[PDB]
Amino acid sequence: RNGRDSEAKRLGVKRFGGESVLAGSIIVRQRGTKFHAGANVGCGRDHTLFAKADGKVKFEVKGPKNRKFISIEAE
Amino acid sequence: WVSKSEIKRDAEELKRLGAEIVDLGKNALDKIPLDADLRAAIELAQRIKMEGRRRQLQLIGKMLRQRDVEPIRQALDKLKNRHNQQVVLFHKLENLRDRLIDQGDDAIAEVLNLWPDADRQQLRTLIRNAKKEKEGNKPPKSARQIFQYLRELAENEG
RNA sequence: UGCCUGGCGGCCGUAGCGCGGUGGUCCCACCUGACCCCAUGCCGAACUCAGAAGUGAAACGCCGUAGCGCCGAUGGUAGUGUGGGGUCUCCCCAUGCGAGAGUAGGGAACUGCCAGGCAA
RNA sequence: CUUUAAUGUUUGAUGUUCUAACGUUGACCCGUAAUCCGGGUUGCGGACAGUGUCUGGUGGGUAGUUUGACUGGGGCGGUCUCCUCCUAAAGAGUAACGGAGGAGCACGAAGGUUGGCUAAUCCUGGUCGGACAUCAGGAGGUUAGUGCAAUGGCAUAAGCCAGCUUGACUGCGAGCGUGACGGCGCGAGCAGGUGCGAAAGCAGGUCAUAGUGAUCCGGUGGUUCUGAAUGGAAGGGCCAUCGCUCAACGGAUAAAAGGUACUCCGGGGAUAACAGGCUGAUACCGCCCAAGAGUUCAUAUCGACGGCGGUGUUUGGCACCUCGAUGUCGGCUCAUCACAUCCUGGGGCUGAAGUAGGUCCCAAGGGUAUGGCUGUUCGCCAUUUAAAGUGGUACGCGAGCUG
RNA sequence: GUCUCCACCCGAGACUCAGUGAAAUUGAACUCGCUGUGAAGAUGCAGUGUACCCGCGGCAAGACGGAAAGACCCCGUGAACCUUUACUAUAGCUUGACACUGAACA
RNA sequence: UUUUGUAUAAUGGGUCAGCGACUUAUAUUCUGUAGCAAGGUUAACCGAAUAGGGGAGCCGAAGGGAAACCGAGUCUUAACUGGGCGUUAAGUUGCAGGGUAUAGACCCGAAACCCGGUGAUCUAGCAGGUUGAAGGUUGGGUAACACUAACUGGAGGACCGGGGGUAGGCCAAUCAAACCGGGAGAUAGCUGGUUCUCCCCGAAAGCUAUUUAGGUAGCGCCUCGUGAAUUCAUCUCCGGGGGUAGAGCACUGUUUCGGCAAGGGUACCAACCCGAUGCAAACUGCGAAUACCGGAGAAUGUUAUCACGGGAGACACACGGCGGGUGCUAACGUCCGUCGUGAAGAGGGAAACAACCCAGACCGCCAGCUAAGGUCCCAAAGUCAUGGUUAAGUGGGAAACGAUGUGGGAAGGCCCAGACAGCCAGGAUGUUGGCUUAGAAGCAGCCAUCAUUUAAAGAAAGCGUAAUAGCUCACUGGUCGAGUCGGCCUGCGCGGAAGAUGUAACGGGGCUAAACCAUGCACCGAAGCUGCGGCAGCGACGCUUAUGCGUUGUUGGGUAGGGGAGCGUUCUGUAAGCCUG
């Protein structure tokens with residue numbers, strides 16, 4: 001009766017820290033909001049993170065709930 | 001729980017009904033209570049051909065999925081019943097003629113039983129003429145006369 | 001330059017909670033009326049309008065309280081990449097990394113700028 | 001011109017008579033001493049019958065085809081698309097006839113902006129009302145809710161309330177992720193004009209992930225784009241939209257059901273009807289625990305419940321070689337070998353005073369029938385003896401014999 | 001053993017194509033027996049034992065003997081067969097219209 | 001040859017000589033080479049003609065868009081900072097070769113379909129009956145007919161035991177349909193073959209889709225050519241993020257203990273829950289080791305990296321290890337992610353055995369070293385040493401169990417106020433019990449489990465009597481006396497370990513150490529390494545600049561597949577030349 005498996009949505013981190021990426025690149029493909037947006041980072045309707053400018057990615061813990069945020073530094 | 005096999009069978013039945021109504025002529029469509037949009041779609045399907053016709057038929061079936069079909073089924077059933085009655089009468093006439101040509105008095109007895117007013121002498125003469133035509137490779141004039149006589153007897157009985 | 005107060009940021013549970021003391025000198029609240037600005041799926045309950053009469057009840061800021069939460073070593077241990085071995089559905093050897101909890105210890109937050117009362 | 005009609009014209013239908021066409025396998029005469037055929041007269045029906053085209057169904061009697069793929073032999077059962085969790089081994093992705101499930105909707109609002117708000121888990125008091133209907137307070141801070149089944153995250157709330165609106169708009173869109181590809185998703189920003197807002201700002205749909213169908217072709221509106229000598233028209237192309245359980249869902253036909261042990265061809269130990277070996281849930285033999293039974297006493301004899309050694313004699317799995325062939329089960333002769341010995345010999349034990357014995361060790365040197373029952377391997381019964389023991393050897397031997 | 005109740009022999013019916021001086025067969029052989037393994041049962045592999053070379057007459061344990069590109073079974077968007085209320089069409093059938101096919105009349 | 005995997009008892013071949021397997025035509029794409037060059041080029045045809053004429057015609061030098069239309073720019077838009085496609089490289093004719101599509105299309109092996117005939121002297125057919133109208137006859141009727149009651153002949157074509165005609169039945173004894181000539185050498189996702197040599201490189205049985213599963217298109221991977229950057233790889237440092245192992249219950253479940261215990265029908269079942277206990281692939285308040293990639297870095301690796309074009313092959317993988325799904329944690333059952341082997345690599349050792357251990361062959365040499373494995377012989381090395389174990393062929397199979405086989409470890413108690421066991425003696429008497437008095441009196445049992453003499457005797461442990469009785473033992477005196485008993489760690493052993501062609505579960509000999517534990521020395525031991533010689537591909541430096549190298553280092557296992565380089569024979573010009581009775 002079981003066995004129906006859906007094709008993977010290709011979820012996970014696409015761009016990591018310490019690497020130069022261009023504007024419009026996708027950093028993480030996640031269903032929820034495991035990682036939130038920070039400086040020079042935008043979040044789409046489907047929780048898709050993208051970079052608003054060229055630079056290096058960085059991860060930082062902030063917020064009362066200790067949530068991880070992604071930022072871009074113009075390096 | 002609804003079985004996808006049952007769903008597919010129902011879809012096939014709906015598509016068969018759509019094809020049947022499309023094949024049905026103008027008088028049959030007028031008799032059947034078809035809404036304006038469904039009638040227009042059926043006319044468009046008839047006008048078009050090729051894969052377009054089948055896809056329009058599939059659209060008709062999809063519409064029938066939601067629209068009620070009981071009146072349409074009843075109309076089709078009554079029309080098919082009338083057509084089958086006519087075809088059965090024709091088959092009975094043909095079989096009776098064949099039996100008259102083949103056996104003879106045995107079929108004459110059945111003809112008389114079915115229609116007492118039938119003329120035994122005329123039937124015997126026609127059967128003998130048909131046998132002579134068969135022997136002499138003549139046209140089936142006697143067979144056609146027998147068919148006409150049987151049709152007249154059936155009409156008189158009805 | 002210090003006791004303090006309000007706002008804006010970093011770190012954001014060593015930073016936070018329970019207990020006692022302290023403050024109306026600046027600032028903060030309650031409060032009188034709301035008929036007039038505004039507001040309730042009813043109500044000045046909440047927000048807001050002119051005042052500050054009075055006080056610090058409650059909140060709020062500071063100190064001590066380790067009582068709790070929390071962080072936190074060192075070692076050991078489970079585990080694990082590499083090659084091998086054995087009484088090989090398990091374990092051991094040499095090597096690299098290495099746990100969680102607990103443990104010594106810490107803990108009443110700290111820190112940058114602007115504006116105001118007091119003493120300078 | 002609706003409703004009227006003598007009068008001059010046209011055919012259509014019904015009914016009566018005639019035959020001049022037609023039929024005459026009706027007769028007579030002639031080529032012809034010619035049952036065929038042709039030429040003439042006549043009777044009988046006669047515009048009928050039939051003749052060629054179209055029009056209706058009947059139509060396997062007849063012709064061309066079809067009935068998909070996967071499966072612990074096969075048949076049979078079950079699946080064919082998308083999405084959430086684990087299988088799936090901490091980048092990503094990852095199959096199985098795996099384990100749980102949901103979807104082929106819906107919203108002109110449940111969408112956008114702006115301005116505000118935040119449940120249960122329980123207790124306390126109260127008419128129905130009590131464990132739980134509603135109200136006020138309290139530990140409480142998302143475990144409530146977040147339209148769907150589920151995943152994540154949602155407190156800055158993506159959750160709830162309220163004024164206004166359609167940005168769910170128009171042509172794009174550098175770049176990025178994904179996939180072989182088609183294609184899909186995100187995407188800063190450009191030009192026009194809109195909704196909210198004093199503004200920075202948001203609005204290119206639903207907090208996201210399923211609600212899906214490409215291509216060819218048809219309807220609708222436009223486009224003089226073209227328009228085959230000219231001007232048109234017709235026809236063709238372009239755009240937007242409406243059309244598929246084309247669910248066999250990357251979609252061979254608009255169109256298709258049974259078997260053939262009457263079969264043929266090419267292939268298959270990818271795959272079987274039988275045979276060795278690898279395997280051991282189950283079954284068989286022996287033993288430990290063995291409560292206790294056995295007058296009593298666990299072992300003269302059994303020995304509940306579990307546990308441990310040998311056998312592969314049936315049920316359990318690959319076929320690793322056998323479809324360029326392994327002819328299966330009965331029977332007749334030959335059987336060798338192991339003793340877990342039927343007795344035959346040497347022996348120990350007692351509930352063995354002796355035959356009798358029951359149990360156990362060694363001992364294969366010896367032998368281990370005849371009839372009813374089935375083609376049977378096997379199994380029961382009767383008569384004697386010391387007995388009528390078991391196995392494997394391709395469930396032996398049809399290259400020893402018998403169908 | 002007349003005959004039944006059938007069974008067995010001595011001689012015929014009923015039916016029954018060895019024949020060339022051949023044959024199936026042949027990759028090559030100086031072609032032993034057991035144990036273990038081996039794409040799993042060894043004339044040919046590892047160990048071990050036996051055996052003078054080659055003929056003649058018998059036995060048949062083996063050389064997965066030969067006689068059929070399975071006579072078992074399945075596969076093929078292969079063929080053919082038949083069955084039909086499977087698809088597409090046809091012979092024949094019957095309905096009416098159109099010319100052959102008319103003339104007088106109500 | 002098919003299968004990942006072959007002599008295997010999966011296929012095939014008797015030998016010899018000859019015959020034979022990718023050619024050719026039409027268009028297209030690409031590589032080498034020759035001319036011309038913004039031109040090249042001819043076709044048919046003419047042509048005393050492989051010459052010449054013939055520019056008809058064909059391709060680019062400019063394209064975009066479906067087109068109109070525009071133009072070094074064009075296409076959707078009112079047009080974009082726009083985006084799609086153009087210029088900043090030069091096209092053509094031939095030749096030779098690598099592919100694609102159609103023609104037989106590398107070749108062979110089918111059934112079967114259609115067209116016109118040979119068809120019946122073999123055979124199926126006039127055998128036979130029946131169904132059965134046709135003719136006649138007899139019989140009622142009628143002047144006579146029709147019809148009907150019975151007999152006969154049997155149409156019909158069949159029913160019955162050469163695209164047709166008449167029991168894979170017959171038409172040449174395998175015909176529900178033969179042969180001949182042709183479509184047609186039909187087609188086949190199928191079987192088999194594909195013939196000379198040398199050198200270099202040299203993968204996979206994987207992903208997507210398939211009226212689709214042994215096949216095919218793209219990707220994945222391999223080869224050749226072009227172009228291009230520390231291009232890429234190992235490792236060090238630096239940046240990250242998992243929810244995997246571990247650990248744990250913050251949350252969701254799950255089994256139990258004791259309860260609060262709604263609810264249910266108060267000695268009785270029980271929800272939401274509390275603390276603990278374990279567990280969770282579908283739990284993570286915590287969280288690794290590995291791995292992922294990104295930035296820097298010395299070193300090495302023939303640029304081992306990337307993009308494009310031509311050509312492939314393959315698109316059935318099996319075993320072992322590692323963490324798993326399913327099967328019974330059983331497989332040489334099946335499916336997953338990764339490394340190795342083989343497939344694509346032989347070697348040496350494990351006796352032989354693809355998957356077990358060591359180890360990647362250029363060739364040659366009568367040289368040595370060495371890996372795994374061995375050093376008593378077969379068969380080469382120690383009958384080697386050091387401190388121990390084995391009395392059982394353990395080594396040379398097997399497990400729970402029982403144990404005076406043996407050497408040690410921690411130790412307990414008793415111990416010349418003479419330890420245990422030996423040698424001489426006692427174990428007397430109410431306790432014939434009330435109790436089931438049948439006699440159990442201790443010797444089967446309710447029962448007290450007491451009581452004087454005491455160096456010493458229990459109202460009772462065995463043997464032994466129907467019970468009595470009698471013989472031992474609990475404890476006790478005389479002599480000797482020094483060691484004695486039970487359990488565990490125990491390494492090595494014992495029975496459990498009995499089966500069938502002939503020993504066979506050490507290879508054998510045969511070993512009491514020639515078996516095992518730990519060390520050493522050296523030796524043997526591969527195609528691994530080195531010692532010498534020879535051939536070939538490769539980048540360079542020094543000449544040569546087309547080829548020789550002074551040379552360096554490096555490579556040379558190889559299926560399929562790809563690239564490069566060569567030899568054998570027939571014929572044509574060379575060649576009216578050369579050899580040759």
# chains A, B, ... in the order shown; residues from 1 in each chain; ligands from 1
>>> residues_around(residues="segment 32-44 of chain A", least_positions_apart="5", cutoff="9 Å", atoms="only C-alpha atoms (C1' of nucleotides)", output="PyMOL selection string")
(chain A and resi 49-54+59+67-73) or (chain D and resi 151-154+186-187+207-209)
>>> residues_around(residues="segment 41-49 of chain C", least_positions_apart="3", cutoff="12 Å", atoms="only C-alpha atoms (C1' of nucleotides)", output="MDAnalysis selection string")
(chainID C and resid 33:34 36:38) or (chainID D and resid 115:117 161:162)
>>> write_last_selection(atoms="C-alpha atoms (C1' of nucleotides)", output="PDB file, in the first residue's frame")
ATOM      1  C1'   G C  33     -12.034  65.802  34.293  1.00  0.00           C
ATOM      2  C1'   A C  34     -12.671  63.925  29.274  1.00  0.00           C
ATOM      3  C1'   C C  36     -14.681  69.280  23.465  1.00  0.00           C
ATOM      4  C1'   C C  37      -8.937  65.387  19.799  1.00  0.00           C
ATOM      5  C1'   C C  38      -9.403  60.140  19.904  1.00  0.00           C
TER       6        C C  38
ATOM      7  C1'   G D 115      -2.963  50.705  13.103  1.00  0.00           C
ATOM      8  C1'   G D 116      -3.497  47.484  17.135  1.00  0.00           C
ATOM      9  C1'   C D 117      -4.044  42.495  20.027  1.00  0.00           C
ATOM     10  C1'   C D 161      -8.783  42.092  15.439  1.00  0.00           C
ATOM     11  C1'   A D 162      -9.964  47.127  12.349  1.00  0.00           C
TER      12        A D 162
END
>>> select_by_dssp(residues="chain A", states="strand (DSSP E or B)", output="PyMOL selection string")
chain A and resi 12-13+20-21+26-29+35-37+41-43+48-51+55-62+67-73
>>> write_last_selection(atoms="C-alpha atoms", output="tab-separated table (two decimals), in the first residue's frame")
chain	number	residue	atom	x	y	z
A	12	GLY	CA	20.09	22.45	2.00
A	13	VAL	CA	22.81	25.10	2.13
A	20	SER	CA	32.45	35.47	-2.78
A	21	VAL	CA	29.01	35.27	-4.40
A	26	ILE	CA	20.70	31.43	-3.58
A	27	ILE	CA	22.44	30.78	-0.26
A	28	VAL	CA	20.11	28.20	1.33
A	29	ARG	CA	17.13	26.23	0.01
A	35	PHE	CA	18.35	30.48	8.91
A	36	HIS	CA	17.00	34.03	8.74
A	37	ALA	CA	18.10	36.97	6.61
A	41	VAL	CA	20.14	39.40	2.32
A	42	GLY	CA	16.55	38.94	1.18
A	43	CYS	CA	13.92	36.27	1.80
A	48	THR	CA	14.32	31.25	-0.35
A	49	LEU	CA	17.36	33.22	0.82
A	50	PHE	CA	19.20	35.34	-1.74
A	51	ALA	CA	22.02	37.88	-1.72
A	55	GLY	CA	30.32	39.83	-1.04
A	56	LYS	CA	31.19	37.07	1.40
A	57	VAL	CA	28.63	35.11	3.43
A	58	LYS	CA	28.71	35.09	7.23
A	59	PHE	CA	26.74	33.33	9.97
A	60	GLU	CA	25.90	34.96	13.30
A	61	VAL	CA	23.76	34.06	16.31
A	62	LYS	CA	21.33	36.81	17.33
A	67	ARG	CA	18.42	32.11	15.93
A	68	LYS	CA	21.09	31.91	13.23
A	69	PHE	CA	21.17	34.79	10.73
A	70	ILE	CA	22.98	35.02	7.40
A	71	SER	CA	24.70	38.26	6.38
A	72	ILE	CA	26.80	39.49	3.46
A	73	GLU	CA	29.94	41.60	3.88
>>> atom_distance(atom1="atom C1' of residue 323 of chain D", atom2="atom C1' of residue 12 of chain F")
16.8 Å
>>> residues_around(residues="segment 271-275 of chain F", least_positions_apart="4", cutoff="8 Å", atoms="only C-alpha atoms (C1' of nucleotides)", output="list in words")
residues 260, 262 and 263 of chain F
>>> interface_residues(of="chain B", to="chain D", cutoff="6 Å", atoms="only C-alpha atoms (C1' of nucleotides)", output="list in words")
residues 50, 51, 52, 54, 55 and 58 of chain B
>>> interface_residues(of="chain A", to="chain C", cutoff="9 Å", atoms="only C-alpha atoms (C1' of nucleotides)", output="list in words")
residues 62, 63, 64 and 66 of chain A
>>> interface_residues(of="chain F", to="chain B", cutoff="10 Å", atoms="only C-alpha atoms (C1' of nucleotides)", output="MDAnalysis selection string")
chainID F and resid 132:134 146
>>> atom_distance(atom1="atom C1' of residue 366 of chain F", atom2="atom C1' of residue 529 of chain F")
20.4 Å
>>> interface_residues(of="chain B", to="chain E", cutoff="12 Å", atoms="only C-alpha atoms (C1' of nucleotides)", output="PyMOL selection string")
chain B and resi 84+87+89-91+93-95+97-98+140+143-148+150-151
>>> closest_atom_pairs(of="chain A", to="chain F", cutoff="7 Å", atoms="only C-alpha atoms (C1' of nucleotides)", output="Markdown table")
| residue | atom | partner | partner_atom | distance |
| --- | --- | --- | --- | --- |
| A:16 | CA | F:240 | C1' | 6.2 |
| A:17 | CA | F:240 | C1' | 5.2 |
| A:18 | CA | F:239 | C1' | 5.6 |
| A:19 | CA | F:294 | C1' | 4.9 |
>>> write_last_selection(atoms="N, CA, C and O atoms", output="CSV table (one decimal), in the first residue's frame")
chain,number,residue,atom,x,y,z
A,16,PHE,N,28.1,28.7,1.2
A,16,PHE,CA,28.6,28.7,2.6
A,16,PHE,C,29.4,30.0,2.9
A,16,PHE,O,29.5,30.9,2.0
A,17,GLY,N,29.9,30.1,4.1
A,17,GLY,CA,30.6,31.3,4.5
A,17,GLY,C,32.0,31.4,3.9
A,17,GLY,O,32.6,30.4,3.5
A,18,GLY,N,32.6,32.6,3.8
A,18,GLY,CA,33.9,32.8,3.4
A,18,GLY,C,34.1,32.6,1.9
A,18,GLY,O,35.2,32.4,1.4
A,19,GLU,N,33.0,32.7,1.1
A,19,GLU,CA,33.1,32.6,-0.4
A,19,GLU,C,32.4,33.8,-1.0
A,19,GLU,O,31.3,34.2,-0.6
>>> decode(residues="segment 8-32 of chain A", atoms="N, CA, C and O atoms", output="mmCIF file, in the first residue's frame")
data_model
loop_
_atom_site.group_PDB
_atom_site.id
_atom_site.type_symbol
_atom_site.label_atom_id
_atom_site.label_comp_id
_atom_site.auth_asym_id
_atom_site.auth_seq_id
_atom_site.Cartn_x
_atom_site.Cartn_y
_atom_site.Cartn_z
ATOM 1 N N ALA A 8 13.025 14.701 -4.247
ATOM 2 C CA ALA A 8 13.532 15.674 -3.290
ATOM 3 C C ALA A 8 13.456 17.083 -3.864
ATOM 4 O O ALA A 8 13.663 17.299 -5.060
ATOM 5 N N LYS A 9 13.153 18.047 -2.995
ATOM 6 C CA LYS A 9 13.067 19.447 -3.379
ATOM 7 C C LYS A 9 14.430 20.121 -3.465
ATOM 8 O O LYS A 9 14.491 21.341 -3.650
ATOM 9 N N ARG A 10 15.519 19.363 -3.332
ATOM 10 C CA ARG A 10 16.871 19.917 -3.355
ATOM 11 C C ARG A 10 17.039 20.962 -2.251
ATOM 12 O O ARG A 10 17.290 22.143 -2.500
ATOM 13 N N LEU A 11 16.896 20.498 -1.012
ATOM 14 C CA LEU A 11 16.961 21.351 0.163
ATOM 15 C C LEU A 11 18.342 21.268 0.798
ATOM 16 O O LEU A 11 18.972 20.206 0.802
ATOM 17 N N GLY A 12 18.806 22.394 1.334
ATOM 18 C CA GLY A 12 20.094 22.448 1.995
ATOM 19 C C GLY A 12 20.816 23.758 1.757
ATOM 20 O O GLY A 12 20.295 24.646 1.077
ATOM 21 N N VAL A 13 22.017 23.888 2.309
ATOM 22 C CA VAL A 13 22.814 25.097 2.131
ATOM 23 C C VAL A 13 23.526 25.022 0.788
ATOM 24 O O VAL A 13 24.233 24.050 0.498
ATOM 25 N N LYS A 14 23.343 26.052 -0.036
ATOM 26 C CA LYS A 14 23.969 26.121 -1.352
ATOM 27 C C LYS A 14 25.251 26.940 -1.353
ATOM 28 O O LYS A 14 26.229 26.549 -1.997
ATOM 29 N N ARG A 15 25.269 28.069 -0.647
ATOM 30 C CA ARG A 15 26.448 28.914 -0.524
ATOM 31 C C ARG A 15 26.846 28.980 0.942
ATOM 32 O O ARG A 15 26.012 29.281 1.802
ATOM 33 N N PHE A 16 28.115 28.698 1.225
ATOM 34 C CA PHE A 16 28.627 28.688 2.584
ATOM 35 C C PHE A 16 29.383 29.985 2.868
ATOM 36 O O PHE A 16 29.479 30.880 2.026
ATOM 37 N N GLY A 17 29.924 30.085 4.083
ATOM 38 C CA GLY A 17 30.638 31.279 4.475
ATOM 39 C C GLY A 17 32.034 31.354 3.884
ATOM 40 O O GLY A 17 32.631 30.356 3.482
ATOM 41 N N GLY A 18 32.556 32.577 3.834
ATOM 42 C CA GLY A 18 33.907 32.796 3.358
ATOM 43 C C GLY A 18 34.094 32.644 1.865
ATOM 44 O O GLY A 18 35.225 32.449 1.414
ATOM 45 N N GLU A 19 33.019 32.725 1.083
ATOM 46 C CA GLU A 19 33.093 32.609 -0.367
ATOM 47 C C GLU A 19 32.405 33.804 -1.009
ATOM 48 O O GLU A 19 31.340 34.235 -0.558
ATOM 49 N N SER A 20 33.019 34.333 -2.066
ATOM 50 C CA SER A 20 32.453 35.467 -2.782
ATOM 51 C C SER A 20 31.342 34.992 -3.709
ATOM 52 O O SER A 20 31.543 34.084 -4.521
ATOM 53 N N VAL A 21 30.167 35.610 -3.583
ATOM 54 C CA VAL A 21 29.008 35.274 -4.397
ATOM 55 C C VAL A 21 28.451 36.556 -5.001
ATOM 56 O O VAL A 21 28.637 37.653 -4.469
ATOM 57 N N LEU A 22 27.761 36.402 -6.125
ATOM 58 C CA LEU A 22 27.195 37.530 -6.846
ATOM 59 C C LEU A 22 25.752 37.775 -6.411
ATOM 60 O O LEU A 22 25.124 36.951 -5.742
ATOM 61 N N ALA A 23 25.226 38.933 -6.802
ATOM 62 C CA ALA A 23 23.853 39.278 -6.462
ATOM 63 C C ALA A 23 22.880 38.320 -7.139
ATOM 64 O O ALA A 23 23.089 37.895 -8.277
ATOM 65 N N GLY A 24 21.806 37.983 -6.426
ATOM 66 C CA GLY A 24 20.801 37.076 -6.928
ATOM 67 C C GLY A 24 21.079 35.611 -6.672
ATOM 68 O O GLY A 24 20.224 34.772 -6.986
ATOM 69 N N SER A 25 22.239 35.274 -6.116
ATOM 70 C CA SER A 25 22.551 33.886 -5.820
ATOM 71 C C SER A 25 21.713 33.387 -4.650
ATOM 72 O O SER A 25 21.284 34.159 -3.788
ATOM 73 N N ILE A 26 21.482 32.078 -4.626
ATOM 74 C CA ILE A 26 20.702 31.431 -3.576
ATOM 75 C C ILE A 26 21.673 30.841 -2.565
ATOM 76 O O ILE A 26 22.534 30.027 -2.920
ATOM 77 N N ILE A 27 21.536 31.246 -1.306
ATOM 78 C CA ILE A 27 22.439 30.784 -0.257
ATOM 79 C C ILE A 27 21.959 29.470 0.343
ATOM 80 O O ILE A 27 22.731 28.517 0.476
ATOM 81 N N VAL A 28 20.682 29.394 0.712
ATOM 82 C CA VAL A 28 20.113 28.201 1.327
ATOM 83 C C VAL A 28 18.738 27.945 0.724
ATOM 84 O O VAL A 28 17.961 28.879 0.503
ATOM 85 N N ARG A 29 18.445 26.673 0.459
ATOM 86 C CA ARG A 29 17.128 26.229 0.008
ATOM 87 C C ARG A 29 16.504 25.431 1.149
ATOM 88 O O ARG A 29 16.820 24.253 1.340
ATOM 89 N N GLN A 30 15.622 26.078 1.908
ATOM 90 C CA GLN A 30 15.008 25.482 3.085
ATOM 91 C C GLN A 30 13.501 25.690 3.044
ATOM 92 O O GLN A 30 13.021 26.725 2.571
ATOM 93 N N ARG A 31 12.758 24.698 3.538
ATOM 94 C CA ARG A 31 11.303 24.810 3.583
ATOM 95 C C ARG A 31 10.870 25.859 4.598
ATOM 96 O O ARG A 31 10.091 26.767 4.283
ATOM 97 N N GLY A 32 11.371 25.751 5.826
ATOM 98 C CA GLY A 32 11.046 26.706 6.865
ATOM 99 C C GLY A 32 12.000 27.880 6.885
ATOM 100 O O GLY A 32 12.443 28.349 5.832
#
